[PDB]
Amino acid sequence: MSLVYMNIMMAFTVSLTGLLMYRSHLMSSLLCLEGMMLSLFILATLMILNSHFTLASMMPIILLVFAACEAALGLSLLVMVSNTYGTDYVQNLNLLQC
Amino acid sequence: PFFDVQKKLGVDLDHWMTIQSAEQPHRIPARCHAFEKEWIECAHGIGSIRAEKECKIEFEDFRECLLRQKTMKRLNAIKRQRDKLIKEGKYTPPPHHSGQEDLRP
Amino acid sequence: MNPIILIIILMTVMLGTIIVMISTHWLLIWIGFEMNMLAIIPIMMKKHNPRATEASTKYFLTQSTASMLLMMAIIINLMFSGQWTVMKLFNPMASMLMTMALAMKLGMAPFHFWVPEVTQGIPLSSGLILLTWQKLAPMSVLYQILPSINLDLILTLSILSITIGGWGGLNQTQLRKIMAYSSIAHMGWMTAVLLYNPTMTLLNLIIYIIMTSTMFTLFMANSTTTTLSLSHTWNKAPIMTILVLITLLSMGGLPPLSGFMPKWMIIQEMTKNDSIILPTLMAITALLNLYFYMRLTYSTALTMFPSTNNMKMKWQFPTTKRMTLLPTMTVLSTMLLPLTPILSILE
Amino acid sequence: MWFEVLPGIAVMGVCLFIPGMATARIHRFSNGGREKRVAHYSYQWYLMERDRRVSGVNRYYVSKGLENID
Amino acid sequence: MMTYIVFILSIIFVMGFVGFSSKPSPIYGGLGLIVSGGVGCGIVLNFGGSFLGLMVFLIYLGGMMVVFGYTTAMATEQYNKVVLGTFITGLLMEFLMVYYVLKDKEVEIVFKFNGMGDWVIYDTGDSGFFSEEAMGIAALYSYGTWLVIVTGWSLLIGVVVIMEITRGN
Amino acid sequence: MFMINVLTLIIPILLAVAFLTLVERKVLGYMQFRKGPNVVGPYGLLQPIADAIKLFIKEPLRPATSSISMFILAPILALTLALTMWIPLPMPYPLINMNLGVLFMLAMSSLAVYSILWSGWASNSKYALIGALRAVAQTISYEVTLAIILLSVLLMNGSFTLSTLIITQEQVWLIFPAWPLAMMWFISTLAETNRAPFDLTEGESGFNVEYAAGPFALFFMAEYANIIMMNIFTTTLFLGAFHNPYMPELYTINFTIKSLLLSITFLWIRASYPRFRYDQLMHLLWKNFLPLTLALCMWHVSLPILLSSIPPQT
Amino acid sequence: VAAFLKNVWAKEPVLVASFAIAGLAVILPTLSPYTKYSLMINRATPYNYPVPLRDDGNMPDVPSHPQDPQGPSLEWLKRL
Amino acid sequence: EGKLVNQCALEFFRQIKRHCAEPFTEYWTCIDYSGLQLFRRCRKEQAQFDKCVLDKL
Amino acid sequence: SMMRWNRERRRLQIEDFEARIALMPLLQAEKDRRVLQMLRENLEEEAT
Amino acid sequence: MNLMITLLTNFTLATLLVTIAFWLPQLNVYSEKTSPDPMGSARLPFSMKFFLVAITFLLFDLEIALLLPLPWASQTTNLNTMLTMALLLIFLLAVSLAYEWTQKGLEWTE
Ligand SMILES: CCCCCCCCCCCCCCCCCC(=O)OC[C@H](COP(=O)([O-])OCC[N+](C)(C)C)OC(=O)CCCCCCCCCCCCCCCCC
Ligand SMILES: CCCCCCCCCCCCCCCCCC(=O)OC[C@H](COP(=O)(O)OCCN)OC(=O)CCCCCCCCCCCCCCCCC
Ligand SMILES: CCCCCCCCCCCCCCCCCC(=O)OC[C@H](COP(=O)(O)OCCN)OC(=O)CCCCCCCCCCCCCCCCC
Ligand SMILES: CCCCCCCCCCCCCCCCCC(=O)OC[C@H](COP(=O)(O)OCCN)OC(=O)CCCCCCCCCCCCCCCCC
Ligand SMILES: CCCCCCCCCCCCCCCCCC(=O)OC[C@H](COP(=O)(O)OCCN)OC(=O)CCCCCCCCCCCCCCCCC
Ligand SMILES: CCCCCCCCCCCCCCCCCC(=O)OC[C@H](COP(=O)(O)OCCN)OC(=O)CCCCCCCCCCCCCCCCC
Ligand SMILES: CCCCCCCCCCC1=C(C)C(=O)C(OC)=C(OC)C1=O
């Protein structure tokens, strides 16, 4: 298939493996999650514009909006973590081992 | 559990965006409208198990419309053979493929 | 929380799951999962302590990752099929990604690592919602895509879930982690019979929801979250020890109880398809689940652990908690096996 | 008095007058003494590329009228 | 070379993701995701998605990454080898992808990909006096009733959810 | 030939921003019963030149930056966005005639808060970071009413095309059907550019105080380019002039006079009012402008339908 | 119903104007005689090509030419 | 049939060129000046062309 | 004023769209001959 | 294409002016300065209210993104449904603003 889809899928996998390998910050995790969403937006958009499927042109906007609301919720969770420990470090979130 | 509320109540919540061949605004067709209409009219009602083996031709034509893999493979082959023959000097492109022909209309 | 806001948020959780159940477009499937997650996050942060925020953060990260993999599976389906019907998928890569995403949502092993944490971090009512209501929407999507699910993947996820949920509960004393590893083992049992007979998948889901709702309702009515506080129940309410006895003996699947009903039916559908090793090893692995159920029954019903003196004060006060449907759920989770051919209503 | 501010306003107004006057004269210079063809929609671009093909000089704005037919 | 331009943007797009997926700091990672959003917007714009590309600017970049950078600047108090090694690893894997799919005009990582410029897959007609993508987004109010209801309800509930969980009571 | 057109756009932008500083000092002079600059040039016409040469040979302030890269990027982004807001402006013909020029300007103005945010974080001062967060929150707050007012006006236009907005106003100014939208729009553009009475970066530290005289002058000229641009955009949007297509300079003279009067109205508003407190302009947005803006957005949706006055798409 | 209204118009005229304009936007298109013409003008706008019909022989309402009498007319739009 | 279109258009324009070439030329020149090719800018040249065609054809 | 002028603008839009409609058969015939010209040239050069 | 040329020209002129403003007074040899804020060294205290106004911006910006195709959506032939859903979206933005009001979310930055 087309050549641009290779790069958009590879971008989704790069943002996947960034989201699946945390370093320290939860904000960097949320950025990798939104990179995954952005690559999904681009890939859906290039397909729907290519196929001239008219009714799905409203589809990526929807894919934006919900997920950005999702991002808002994630930011709020991070802030609550930051209001407990002072930092958004993922190693502070280890109390549920016992 | 596929509680088919939409067919039960007769409402149309999301069937309209489901396929490319549905009713579109301003009657805009998809690029693979005809192939998808033929694949759907083939595979309608007979179930998925029969639809995989009995409607393989329409589905392969529709997938090759969607992604154009055989078409781009053929264009790869023709362009590669043309570039090889240009490198060998055994071929020359015509004036209408070099941009010297004063286009049609 | 404002009770009106609690009602609207629980109706939004239910609305998300119902939108997953009734929709014919993959975008509305993804929207129902997003609405479900977005609305269930305040149910987990109901008490506002750092364990609830940690649990909600872990729950958000796992469900968000599964939602992104779900949308990538949907988008690859749109690549290779040019449409959006919630039916079989038209690519084994999209089928693998959707099976992984739904295994992450269900918390099936090896994507199980959030389930005993999050259930520990949240109250008993929100843990009840997470272990009963949050299974319904991904099992509906797995119900509708089973002509595309890889057999080796779904059975690998099933046996890995059953074994890890068996060994995980043996080391626990916290009741919520026991119910979470019980959840992982029972989801393994549900997905092991999915490609053979999904009516038995629905049967196992319904009997599991009844038994889990009974055990969480007993834990809420006795206000016990640990084994050793559940062992004070005989000196406070002796009927509740009988109820946790019969319900834990049901959840292990001992006949003549109704929790013997699903797994037996699952074996009844896996030997028709010439699989003998797999349901036998599954049934032998479920003895671990029954072992830590027996540990809880020895702590609670069949012995009497020592109590404290202040228990004598609680003797003067009856339970004012609304023990909603607890006799109904207790009867249904124990005495339903003579009505086993009722399962045809799920066909 | 107050008209002392008018030289700076005049300078600034000439500086705001320059871009539109410049783009109007450049559009009339680059497009045969006429406006630039506005092609917001693909039909307008189709007509414009047809004009470029029927002009014969690879310029869309060179218009051919009734003298180009017999 | 200019026939490959969207492909070229996509390469930069992948490079931008190796910017923030390697996670240098959430603020440089925010900057890398902003640059990635701009070039992915350019990819969208070069197929004819004008409105969707301006949604990438106005709503993803100007709407959401503003809030990411805003929240991030209220943490990570102002003033690696794993980041640099991860960045050069992702860059070398991407340039090996480029080298293979340009030397062969075909590659297969998971799916088979043609190596021609992505101009070849387009349509050779006109859409008349409308953008088809604009009319498909305009159909959200005429054909997308259930989609509008569930999206607006999810946004209202999202307002309620953020106000419940950020209160601590 | 197109590069000449780009230069004749963007060099007169810099000259008009240069002499807007003189016009501001003079007009604020006479409104304060004094004179403005009249010594340095004849009538003070050499004051911006002298001030530019002074600022570009002043000592670099040399800060310790938390990030060198974003400290460089924030003036670059500010000037690039302040120059790209001009290219779809139909005066009478835009440099870049695009179909979605209104949404393009709304997007490129939504990107302008990153210069404030990056310059605030790139400084080591925490109080400068607090001021940057307040300025960003102010700007993104008033962008909401920008977008909704702008949508409610373009419901009478038919498209996002800026050149169509001249055709829309051939019979009447669009300030007549939309003067409440015009007045909330005008105060929202006053609050976008951090302009008085909304200038809390000078109310008692600015986000860009760690920059040297050169780069702070670049921020300053990007701000005044935004001011002139938003006044031109408000002129195009509500006070659209007569356009003879055979004589485009009539439209150029007319929108130039109206945009000058609107920029002087910015100058005359800063000579008249005290500042808001920060919560008070938050109260102005969220509790006053936004309910009226939503109500008028409902009104301007339903009004072309109930009067059969839906504008054409093309 | 009248003292409360003068009270809220004395205290909060921004919100009274907001709810009043919103109420007019809700109720007034159902009371307008010109809402019908918005629909009629949007369906009179020919974005697509008028794909002609094969003359079977019995279609008395379909014209053979644009300047024929039968067919949909736009006298109401030119007159109003 | 397409050739018939391309045969019937030319007979359309020749019959303009035989009779009313100059009002048509002035009219499409005035149409041609506009970058959107407005009909509303050119109503008097349109009126002259319509008058000349209605009288002579 | 916006009522009268937008109704005039809708009538002018219909006049432009009917000019387009009257021109679409000629453009469709030319487009068909255009694309068949290009496909025949591609076929002949593929043959050689 | 002309847009990309114009963006490159604007970005290049901005980068040139920033380079001149950062390197023209570096040529002078003025003096070395030793040079040894309202908060001294206290860590930046987090404001919940700035985060809430930014999230309220984000959610209303998503609702605006839904509202943006209305000048195109008015051209439809299903105008009763279009008008109903347009009024419903603006009404749900108003209900979001009202709930943000009544639970004191718009307070001390009102
Ligand atoms: C574009 C060209 C220029 C446009 C015009 C602008 C020129 C004038 C500018 C003057 C300088 C302003 C400097 C900044 C001022 C900031 C302060 C300020 O004004 O705040 C806004 C003030 C705020 O008021 P406030 O805050 O003082 O009021 C107190 C409010 N409470 C009680 C909550 C504390 O007013 C508004 O918000 C109104 C905005 C415009 C409203 C327009 C309404 C039009 C009429 C609608 C219909 C009414 C009748 C009812 C329905 C009938 C139906 C038939
Ligand atoms: C194919 C199948 C399709 C779908 C079919 C239907 C599936 C139904 C799945 C049921 C899932 C139930 C989820 C949990 C209940 C949801 C509401 C809730 O949160 O209730 C708990 C509530 C909280 O009150 P609170 O005060 O917070 O309690 C803590 C102490 N202060 O109140 C309490 O704590 C009160 C204590 C008792 C609560 C008992 C609730 C039991 C609900 C489940 C009943 C059994 C399932 C229904 C029958 C079988 C259906 C398959
Ligand atoms: C779109 C339009 C934009 C227009 C922008 C500009 C607006 C303002 C225009 C200029 C206004 C008048 C300028 C007068 C400058 C001062 C001239 C003067 O008198 O300088 C005297 C000084 C010393 O003279 P000296 O001989 O020593 O005196 C003793 C005599 N017995 O001698 C000197 O200082 C030496 C000579 C210096 C001359 C400088 C002249 C001014 C430079 C202006 C630059 C811009 C010009 C216009 C650009 C756009 C049009 C091309
Ligand atoms: C090869 C030989 C040249 C070498 C390189 C030099 C390049 C040209 C530089 C400008 C001309 C050189 C002379 C500069 C001024 C010297 C004379 C002077 O200072 O005259 C004073 C006179 C006003 O007298 P004053 O002392 O102010 O008295 C107060 C009133 N009672 O002052 C005046 O009347 C006004 C003086 C104005 C100075 C010139 C105008 C400004 C500079 C314009 C060009 C550079 C900037 C271009 C634009 C930058 C961006 C805005
Ligand atoms: C920190 C990094 C540096 C920061 C400073 C510099 C970047 C920020 C300032 C510049 C922002 C660049 C914006 C580029 C796209 C703008 C949107 C756009 O193209 O809209 C115009 C137009 C849409 O209208 P329409 O008329 O429908 O389309 C033509 C159809 N006849 O569409 C067109 O005309 C399409 C023209 C062809 C496609 C253009 C693609 C541009 C290149 C890719 C994006 C470049 C910016 C990347 C970085 C963003 C910011 C980080
Ligand atoms: C039905 C049409 C659609 C309606 C929905 C769409 C409306 C568009 C505008 C959006 C407004 C969004 C925000 C609304 C919030 C309302 C609640 C509120 O503000 O309550 C508090 C307020 C007192 O203010 P306070 O809390 O003290 O704040 C400090 C300022 N003094 O309390 C008050 O000021 C009391 C406010 C309620 C009374 C307003 C009465 C207006 C009546 C106008 C005539 C009738 C119009 C028809 C609609 C019915 C209205 C009831
Ligand atoms: C490319 C550079 C062009 C010239 C520089 C901008 C025009 C001159 C503005 C001078 C100026 C004035 C009058 C000024 O008053 C001021 O202080 C508020 C500034 O900011 C530091 C200024 O920059």
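Remember, it's 1-based here, ligands and their atoms both numbered in the order they're listed. Every chain is numbered from 1, with letters handed out A, B, ... down the list of sequences.
- Remark: atom 37 (O) of ligand 1 lies closer than 4.0 Å to at least one protein heavy atom.
- Residue F:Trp179 approaches ligand 1 through these ligand atoms, each under 4.0 Å from one of its heavy atoms: 44 (C), 45 (C).
- Among F:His283, F:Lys258, F:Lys287, the residue whose heavy atom sits closest to atom 31 (N) of ligand 1 is F:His283.
- Summarising the contacts of atom 49 (C) of ligand 2 with C:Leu346, C:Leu326, C:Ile210, the nearest heavy atom is found in C:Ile210.
- Ligand 3 lies nowhere less than 4.0 angstrom from a heavy atom belonging to F:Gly41.
- Of the protein's non-hydrogen atoms, the one nearest atom 44 (C) of ligand 2 is C:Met329 SD, 3.6 Å.
- Taking the side chain as every heavy atom from C-beta outward, C:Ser125 and C:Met220 approach each other to under 4.5 Å.
- By the 4.0 Å heavy-atom criterion, F:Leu46 is counted among the residues contacting ligand 3.
- Counting protein heavy atoms under 4.0 angstrom from atom 17 (C) of ligand 1 gives one or more.
- Legend: salt bridge (charged side-chain N to carboxylate O under 4.0 Å, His left out) pairs involving residues 173-199 of chain F, not counting sequence neighbours, sorted by first then second residue: F:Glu24-F:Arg195.
- In terms of protein heavy-atom proximity, atom 32 (C) of ligand 1 is nearest to G:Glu12 OE2, 3.3 Å.
- The protein atom (non-hydrogen) at minimum distance from atom 15 (C) of ligand 2 is C:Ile129 CG1, 4.4 Å.
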(request) Given side chain to side chain contact (heavy atoms under 4.5 Å, CB included), test F:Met282 with F:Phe276 step by step and report yes or no. (result) CA-CA 9 Å; F:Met282 291 291 105; F:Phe276 283 100; over 6 Å; no
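- Within the 4.0 Å heavy-atom criterion, the part of F:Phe276 lying near ligand 1 is the side chain and not the backbone.
- You'll find the ring centres of F:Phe186 and F:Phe238 outside the 6.0 Å limit.
- C:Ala237 and C:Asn222 get closest at one heavy-atom pair: CB-OD1, 4.5 Å.
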(request) Could you check F:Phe233 against F:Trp185 for side chain to side chain contact (heavy atoms under 4.5 Å, CB included), going step by step and ending with a plain yes or no? (result) CA-CA 11 Å; F:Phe233 182 60; F:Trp185 171 260; 3.5 Å; yes
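- Between atom 1 (C) of ligand 2 and the options C:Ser333, C:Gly127, B:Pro1, the minimum heavy-atom separation is to B:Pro1.
- In this structure, J:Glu107 pairs ionically with F:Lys287, as a charged nitrogen and a carboxylate oxygen lie closer than 4.0 Å.
- In terms of protein heavy-atom proximity, atom 5 (C) of ligand 1 is nearest to F:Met183 CB, 3.7 Å.
- Inspection of the F:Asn157 and F:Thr168 side chains reveals an N or O donor paired with an N or O acceptor under 3.5 Å.
- Taking atom 51 (C) of ligand 2 as the reference point, the nearest protein heavy-atom neighbour is C:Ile206 CG2, 3.8 Å.
- In this model, no donor atom of one side chain and acceptor atom of the other lie less than 3.5 Å apart for C:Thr334 and C:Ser250.
- Within ligand 1, the atoms closer than 4.0 Å to a non-hydrogen atom of G:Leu24 are 53 (C), numbered from 1 in the order shown.
- Side chains of D:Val5 and F:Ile264 form no contact here, defined as non-hydrogen atoms less than 4.5 Å apart.
- Regarding atom 35 (O) of ligand 1, its nearest protein heavy-atom neighbour is G:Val14 CG2, 4.4 Å.
- Counting only heavy atoms of the protein, atom 23 (C) of ligand 2 lies nearest to C:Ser125 CB, 3.8 Å.
- Of the heavy atoms in F:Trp185, none comes closer than 4.0 Å to ligand 1.
- Note that atom 8 (C) of ligand 1 has no protein non-hydrogen atoms nearby, at separations under 4.0 angstrom.
- Within ligand 1, counting atoms from 1 as listed, the ones closer than 4.0 Å to a heavy atom of F:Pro180 are 42 (C), 44 (C).
- Residue F:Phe19 has at least one heavy-atom neighbour below 4.0 Å for each of these atoms of ligand 3: 5 (C), 6 (C), 7 (C).
- Among all protein heavy atoms, the one lying closest to atom 47 (C) of ligand 1 is G:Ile21 CD1, 4.0 Å.
- Side-chain contact, C:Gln134 with C:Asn36: a donor N or O sits under 3.5 Å from an acceptor N or O.
- In this structure, atom 19 (O) of ligand 2 is in close contact with the protein, since a protein heavy atom lies within 4.0 Å of it.
- Nearest non-hydrogen protein atom to atom 11 (C) of ligand 2 is C:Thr132 OG1, 3.4 Å.
- For atom 27 (O) of ligand 2, the closest non-hydrogen atom on the protein side is C:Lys46 NZ, 3.3 Å.
- Shortest contact from atom 22 (C) of ligand 1 to any protein heavy atom: F:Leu284 CD1, 4.4 Å.
- Atoms of ligand 1 found under 4.0 Å from any heavy atom of G:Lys11 (numbered from 1 in listed order, with element): 32 (C).
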Report all side-chain donor-acceptor pairs from residues 323-333 of chain C shorter than 3.5 Å, counting only partners two or more places apart or in another chain.
residue	atom	partner	partner atom	Å
C:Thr324	OG1	C:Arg322	O	3.4
C:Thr330	OG1	C:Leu326	O	2.4
C:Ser333	OG	C:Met329	O	3.0
C:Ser333	OG	C:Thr330	O	3.3

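- When hydrogens are left out, the protein atom nearest atom 4 (C) of ligand 2 is C:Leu136 CD1, 4.0 Å; that is the closest non-hydrogen contact.
- Protein heavy atoms are absent from the 4.0 Å sphere centred on atom 52 (C) of ligand 1.
- Listed by atom number, the atoms of ligand 1 under 4.0 Å from F:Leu292 heavy atoms are 38 (C), 39 (C), 41 (C).
- The single protein non-hydrogen atom nearest to atom 46 (C) of ligand 2 is C:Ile209 CG2, 4.2 Å, given as residue, atom name and distance.
- For atom 37 (C) of ligand 2, the nearest protein heavy atom is under 4.0 Å away.
- Among C:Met220, C:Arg322, C:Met139, the residue whose heavy atom sits closest to atom 35 (C) of ligand 2 is C:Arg322.
- Counting only heavy atoms of the protein, atom 48 (C) of ligand 1 lies nearest to G:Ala17 CB, 4.3 Å.
- For atom 12 (C) of ligand 1, the choice among F:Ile187, G:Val16, G:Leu15 with the nearest heavy atom turns out to be F:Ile187.
- Contact annotation: for F:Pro12 versus ligand 3, there are no heavy atoms closer than 4.0 Å.
- Within a 4.0 Å radius of atom 9 (C) of ligand 3, the protein contributes no non-hydrogen atoms.
- Taking atom 26 (O) of ligand 1 as the reference point, the nearest protein heavy-atom neighbour is F:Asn288 OD1, 4.0 Å.
- Proximity of atom 13 (C) of ligand 3 to the protein is indicated by at least one non-hydrogen atom lying closer than 4.0 angstrom.
- Nearest-heavy-atom check against atom 10 (C) of ligand 1 across F:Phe289, F:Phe186, F:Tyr273 picks out F:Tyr273.
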